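Chains as they are written, first to last, in the UniProt record's numbering: chain A, 47 to 138; chain B, 235 to 467; chain C, 92 to 102; chain D, 13 to 106, 117 to 228, 237 to 305, 329 to 404, 410 to 549, 555 to 606, 658 to 779. For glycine and all other residues, C-beta sits at the position ideal for the given N, C-alpha and C.
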DNA sequence: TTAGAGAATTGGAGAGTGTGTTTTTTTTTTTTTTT
DNA sequence: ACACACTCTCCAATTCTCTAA
Ligand SMILES: [Zn+2]
């Protein structure tokens with residue numbers, strides 16, 4: 047056989063390398079200021095997510111990363127279990 | 235106020251001011267990056283003067299222009315025969331006499347593409363000598379392969395010239411004949427110098443490969459060398 | 092036959 | 013066989029010479045044509061070759077033969093023009119039946135050859151083979167017919183009509199009425215022929239104007255000039271206006287609909303109203342060109358392309374990347390964009411209409427067609443007199459036809475009706491917006507109940523069977539009906560018509576429509592947006659409202675709105691105002707903030723608001739920045755109150771009962 | 001309204017095949033024989 | 001025999017459709 051293809055998958059997201067890093071650091075990473083423009087602060091939010099997206103899965107363009115994440119986010123039940131777990135933690 | 239674009243700079247002033255004592259060495263060791271940093275600094279300072287002092291001059295005009303630094307008086311002159319492979323990509327100073335100059339050569343800087351079927355057009359940046367042609371036409375409804383094509387006479391070009399510099403007799407070894415080295419010069423400094431002129435120059439000492447044949451990517455082990463001038467005196 | 096017009100041709 | 017084919021071709025050529033020829037005794041250099049004998053049999057046998065052979069075998073080979081031997085250009089036009097000029101001179105003074123017979127039988131062949139072309143999966147392989155070439159030949163026909171003596175053959179055709187206008191309807195035999203249908207059927211074909219559409223077999227993934243044809247020959251502008259000089263517009267205007275008085279409506283009114291469709295098709299109404330001028334706007338456009346040039350310059354390095362050094366960028370966790378180029382040394386934004394741009398992959402992409415010539419439905423209509431000053435004023439005069447004279451009577455007759463015949467319809471007639479309605483209603487609204495001399499009563503037949511029911515029924519039936527082209531066209535028409543209603547309420556029965564227009568069933572349909580638009584072409588989504596704007600505004604000025663607005667607000671509509679908005683580089687200034695009106699409605703008024711916290715919107719505002727995209731001084735930037743400020747303010751508040759939304763921003767919202775309610779609020 | 005089971009369309013991995021390659025002045029400085 | 005240009009083929013990745021809970 048030819049070599050099988052490599053893909054983004056929910057296992058990567060649920061790994062310690064994956065989504066928990068964002069929730070462990072996002073409160074410290076991003077910082078808005080009224081003292082800078084709407085364009086300035088809007089440009090600031092996407093830095094951390096772009097670098098994180100590259101570190102997670104360097105395959106594809108950034109838009110493709112988001113639009114790929116949409117499918118597995120809607121479909122996979124284990125990922126949805128993790129997400130309801132997050133919002134239950136806030137309900138706690 | 236005179237509407238001019240180039241600034242001279244004798245490097246010894248970097249040693250006088252305390253904050254730039256180390257920048258002098260970094261200039262000699264890493265010219266390509268440092269000179270670009272200096273250029274973008276000068277342009278920003280020129281904008282800052284008009285906006286801070288709130289003058290009448292057109293901001294768009296200053297934004298349109300390119301500004302360049304031209305360092306000189308870098309240090310001791312170096313003999314033409316004594317340049318060694320450990321001097322590659324460092325700044326150099328030479329003295330000599332001009333033999334001849336070739337006519338101006340057009341050098342491409344920006345490419346222009348046009349779609350054959352839908353007439354969509356794109357301008358593309360040239361870096362490292364390679365044209366980054368698109369894979370498919372980028373119009374959304376005309377996403378087709380092999381669909382763009384180059385239009386030669388709507389590209390943008392720049393001037394290049396080659397000058398032949400000869401060793402002055404003061405340095406020649408005993409019982410030998412003088413040698414020569416080739417200088418590549420661009421834009422402002424193209425047509426400055428004539429046969430028989432005596433000059434001193436300043437530029438990066440470069441080296442590049444050369445192909446074995448025009449058909450294939452096979453390179454030779456020996457490398458060509460030349461000088462890339464940034465100032466003439 | 093798989094005939095097809097260039098519907099997207101508008102320049 | 014090939015020899016049988018060439019035998020028929022040679023038979024057609026010998027018939028193309030038995031027809032007659034000019035006179036060599038004349039000493040007149042050259043004279044006109046001169047007439048043969050057996051010519052009745054020649055024309056009749058040629059008609060038989062079309063009908064009895066080619067149609068029965070479905071070939072178009074016979075048309076290729078007559079095109080080879082150039083019968084139209086060489087014989088038929090001089091025969092008709094000689095008849096016309098002879099009878100014209102006789103009228104100036106103020117067996118002859120046989121001359122008139124030859125005139126009739128020449129015109130019928132002229133209608134037959136220029137008949138427009140249709141291709142399906144049921145057409146023969148012969149016709150599919152011959153489609154591309156007969157298109158070229160019909161283009162030659164259009165040019166030649168409009169050219170001869172500045173188009174004088176068109177005067178013969180209306181004289182044939184005038185013979186049947188002459189005496190009372192009470193006398194007029196069916197064969198008599200067929201002439202009056204035929205003369206308009208001619209003009210429909212002369213307008214309809216236009217440059218070809220390229221078509222190939224999809225076996226492998228890898237212009238048609240002949241050498242004697244050019245655009246200015248074929249443009250609509252030429253047709254306006256040719257029609258005006260040869261006295262056509264008076265004929266159409268007098269025929270349509272007196273249609274009510276006992277011209278048998280059944281024979282005339284559908285072809286007379288097709289004409290009005292066939293040269294309203296490619297006009298924007300703003301081009302007909304102005305709102329050294331050309332040079333002035335050209336200079337302004339050159340300023341815009343300079344701005345684009347400035348944009349390219351701001352990303353251009355000073356020193357040459359081989360001077361460049363190298364750059365290294367270190368992330369958190371001390372990992373390093375590499376990028377080249379001199380501008381990357383200073384601009385981190387450009388470095389970050391350039392880093393991702395090198396990567397190869399793009400996800401491949403999904404794609410709605412076929413079987414109809416080019417129109418508003420499947421082309422970008424931000425591209426005018428261009429008029430001489432005389433042509434502009436003449437065309438304006440024609441359609442203005444048409445509206446002031448003929449519009450209501452024509453629409454009443456054609457609409458009370460179709461209610462009795464809706465089941466039998468074909469897609470052409472539906473799309474024709476729906477794009478005749480829209481054009482004339484919209485044009486009258488704009489003209490009365492401009493000036494007080496015009497009035498809205500000229501187009502008032504559209505509002506009466508039967509036509510409203512019919513447009514509704516077309517939209518209904520088209521949507522149910524998933525026929526999307528008729529759905530698009532019905533969308534456009536229903537938009538114009540709602541706009542006209544909002545005009546008349548700004549001045555009795557109109558409120559009754561509104562209440563019947565907004566029964567709950569129709570609210571279900573009109574709410575359903577934007578959701579499916581996400582998949583389709585750009586024009587479909589734009590139609591959905593404009594219809595939605597009008598629909599919601601009318602129900603705003605009804606004072658029910660809270661029920662209706664909550665019906666609209668949900669994920670798939672927002673998906674369509676963002677998918678449409680990201681192609682802003684192709685769109686108008688006005689559509690973005692409409693989109694941000696809707697976003698204001700969702701975000702501020704309804705306070706359904708949770709919908710828009712999704713990441714692909716945050717990218718779009720960066721792209722659209724940057725120095726890249728929308729102009730620094732266009733009116734759009736006011737709206738965009740004023741929106742983005744409030745958006746990020748509320749987002750700051752939400753994120754600090756509940757840090758879980760950092761992971762929330764990537765994904766759709768979560769529909770679980772117990773956590774979802776607190777998630778949304 | 002979600003989701004999962006089955007069918008159809010497309011991409012490009014990668015394997016294969018054929019191909020091309022080495023290789024009469026005219027002007028100007030210098031030595032030599034000839035009248 | 002050693003880089004190239006071009007052709008051919010198979011296989012699995014992807015989206016679309018139907019069914020039932
Ligand atoms: Zn294209």
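Item                                                                                                                                         : Value
Within 9 Å, strictly: CB atoms of residue 681 of chain D and residue 360 of chain B                                                          : no
Check whether residue 516 of chain D and residue 476 of chain D have beta carbons under 9 Å apart                                            : yes
Identified DSSP bridge partners for residue 102 of chain C                                                                                   : BP columns for residue 102 of chain C are empty, so no partner.
Same chain only: Cβ atoms within 6 Å of residue 274 of chain D, ignoring 5 sequence neighbours per side                                      : 451
Residues near residue 436 of chain D by beta carbon distance below 7 Å, same chain, minus five either side                                   : 254 and 258
Other residues of its chain near residue 672 of chain D: CB distance less than 6 Å, five sequence neighbours each side excluded              : 709
Residue 195 of chain B: CB within 8 Å of a non-hydrogen atom of ligand 1                                                                     : Lying before the first or after the last residue shown, residue 195 of chain B is absent from chain B, which here runs from 235 to 467.
Chain-ordered neighbours of residue 422 of chain D on chain C, where CB pairs are closer than 9 Å                                            : 101
Rounded C-alpha distance that separates residue 338 of chain B from residue 426 of chain B                                                   : 12 Å
Close beta carbons around residue 247 of chain D, own chain, < 7 Å, minus the five adjacent residues each side                               : 165
Nearest-angstrom Cβ-Cβ length linking residue 347 of chain B and residue 314 of chain B, presumed shorter than 8 Å                           : Wrong, their Cβ atoms sit about 44 Å apart, outside the cutoff.
Closest residue to residue 389 of chain D among A:92, A:78, A:116 and A:130 (Cα-Cα distance)                                                 : A:92
Residue 421 of chain D beta carbon near ligand 1 (any heavy atom closer than 8 Å)                                                            : no
Heavy atom of ligand 1 within 8 Å of residue 358 of chain B beta-carbon                                                                      : no
Nearest neighbour of residue 57 of chain D, chosen from D:75, D:32, D:85 and D:24 [CA to CA]                                                 : D:24
Cβ pair count under 8 Å reaching 3, the segment 395-410 of chain B against the segment 288-299 of chain B                                    : no
Boundaries of the beta strand (DSSP E) in which residue 367 of chain D is found, first to last residue                                       : 363-367
Proximal chain B residues relative to residue 678 of chain D, where beta-carbon distance stays under 8 Å                                     : Per Cβ cutoff of 8 Å: no residues; residue 678 of chain D is ~12 Å from chain B at best.
Through-space distance from residue 135 of chain D to residue 160 of chain D, alpha-carbon basis                                             : 8 Å
Near ligand 1: residue 237 of chain D beta-carbon under 8 Å from a heavy atom                                                                : no
Residues of the segment 95-108 of chain A with Cβ closer than 7 Å to any Cβ of chain D, in chain order                                       : 96, 97, 105, 106, 107 and 108
Length at least 4, wholly inside the segment 711-755 of chain D: the alpha helix (DSSP H) runs in chain order                                : 713-723 and 734-755
Ligand 1 heavy atom lying under 8 Å from the CB of residue 383 of chain B                                                                    : no
Contact with chain C by residue 411 of chain D, beta-carbon distance below 9 Å                                                               : yes
Selection of the segment 751-765 of chain D by Cβ proximity to chain A, strictly under 7 Å                                                   : 756, 757, 758, 760, 761, 764 and 765
Anticipated Cβ contact below 8 Å, residue 133 of chain A with residue 777 of chain D, distance rounded                                       : 6 Å
Option in D:722, D:748 and D:378 with minimal Cα separation from residue 736 of chain D                                                      : D:722
Selected residue, minimal CA-CA separation from residue 392 of chain D, among D:538, D:329, D:377 and D:734                                  : D:377
C-beta neighbour in chain D for residue 129 of chain A, strict 9 Å                                                                           : yes
Inter-residue spacing [alpha-carbon to alpha-carbon] between residue 414 of chain D and residue 470 of chain D                               : 8 Å
Chain-order list of residues whose beta-carbon lies under 8 Å from that of residue 156 of chain D (same chain, five-residue window excluded) : 72, 75, 76, 79 and 139
Proximity test, Cβ basis, 9 Å: residue 332 of chain B and chain D                                                                            : no
CB contact check: residue 720 of chain D to chain A, cutoff 9 Å                                                                              : yes
heavy atom of ligand 1 below 8 Å from residue 194 of chain B C-beta                                                                          : Any answer about residue 194 of chain B is impossible in this case: the structure gives chain B only from 235 up to 467.
Heavy atom of ligand 1 within 8 Å of residue 73 of chain A beta-carbon                                                                       : no
Interface flag, residue 406 of chain D vs chain A, CB-CB below 9 Å                                                                           : Note on chain D: numbering goes from 404 to 410 directly, and residue 406 of chain D within that interval has no coordinates.
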